[PDB]
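Take a look at the structure tokens below, where one protein chain is shown in two forms, each on its own, as structure 1 and structure 2.
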Structure 1
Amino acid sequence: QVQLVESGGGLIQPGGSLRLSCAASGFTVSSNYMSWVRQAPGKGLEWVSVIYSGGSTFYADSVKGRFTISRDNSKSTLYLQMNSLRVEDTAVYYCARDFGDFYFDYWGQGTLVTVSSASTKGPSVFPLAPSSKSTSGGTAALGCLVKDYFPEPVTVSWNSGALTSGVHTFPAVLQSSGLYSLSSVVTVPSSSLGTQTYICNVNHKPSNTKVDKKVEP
């Protein structure tokens, strides 16, 4: 078995530093090529840096002179010290074992690095109540509106995980204000509006915000 678990991602202001960790299992990090690959939100993959089994270090031009990949054999961890960060560096950074500087055969779960001068803000939750306009038949539609939060991510549940059938949680869209917006909706029978109680559970860990919003028709 091979495990790659990463850490260190978050929100950092431009010019600030940030270090990424990658705990490895199933091989010796001192004997294998290891690489960092980042992926901008909604974009393709981009190689960043690689460390040879002999300790040689190579970096992409767009990050050269700012990033510094390193390894710790004692702790079995791969590091990527990101300094002088820029808005363009905002991406999800993957830690991948490299086979002889050719291809990446094992990948980590990925950590999200967001570089912005905007400040952390907790989301505001508003109800999308059912009505006659929200009832096209025997089924009624209701949901929640998670608005004006930064940075990602936000996890949305319904009835603390009890309700999972017919639930659509839309991807976050970055507003012109620079704050993400998200909506989650569910489809329920029209006869259960006056009987069942629907509560969407919104959790935004970066702002330490937990909101349990009730929706009433």
Structure 2
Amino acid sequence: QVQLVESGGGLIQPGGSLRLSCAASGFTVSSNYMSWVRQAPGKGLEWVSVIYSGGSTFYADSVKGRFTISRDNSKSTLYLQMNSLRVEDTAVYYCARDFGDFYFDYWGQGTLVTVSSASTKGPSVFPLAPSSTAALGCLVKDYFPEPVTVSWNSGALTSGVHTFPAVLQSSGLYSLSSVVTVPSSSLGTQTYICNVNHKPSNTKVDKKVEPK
């Protein structure tokens, strides 16, 4: 079993610094090639940097002189020090186990790095009341940056949950909706709560959605 877990992503102003960490288990970090691969939102994959099993490091031309890759054998962790960040550096950064600087056989789930001068803002949660198979949902509006996680009645309600991808409004903020499919029998006898979490702004909102 192999695990790669990235951390350290978040909002950062242009020209700032951000340091990414990748904890690894199931193999010896100091004995393997390791790489960082980033994927811009909605676009393809781009290789960023590699560290050889012997410690030698290489970087893509677009990030050379600004990024530094390193490892800590005692902590079994891979680091990516990012400096002089630019708007075009906004991407999901993947930790990847590299086989001899050829191909990436294991990948971490990735961490999101957003480079922008915009400020963090918590979302506003509004109900989507049903009317008399029924449907209902919650509206998550005016938050920045990504992401937002939505759940219904803690983790109880999972079937029929549709959380749409966020849209970027002309105001520069993101909006998102999560809807569920439920029978008309329950009405208000069964209580529905949507749980909205926005970690960048530390916002935790529970919204009761009852018919009107």
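All residue numbers here follow the sequence of structure 1, with the first residue given the number 1. Definition used throughout: the rigid core is the maximal C-alpha set that superposes within 1.5 Å between two forms.
Rigid-part assignment between structures 1 and 2: residue 109 and residue 126 end up in two different parts.
Once the larger rigid part is held fixed by C-alpha superposition between structures 1 and 2, the smaller part shows a rotation of 11 degrees. Once the rigid core is matched between structures 1 and 2, the CA atom of residue 209 is found 1.2 Å away. Superposing the rigid core and comparing between structures 1 and 2 gives a CA shift of 4.3 Å at residue 196. If you overlay the core, the Cα of residue 179 moves by 0.8 Å between structures 1 and 2.
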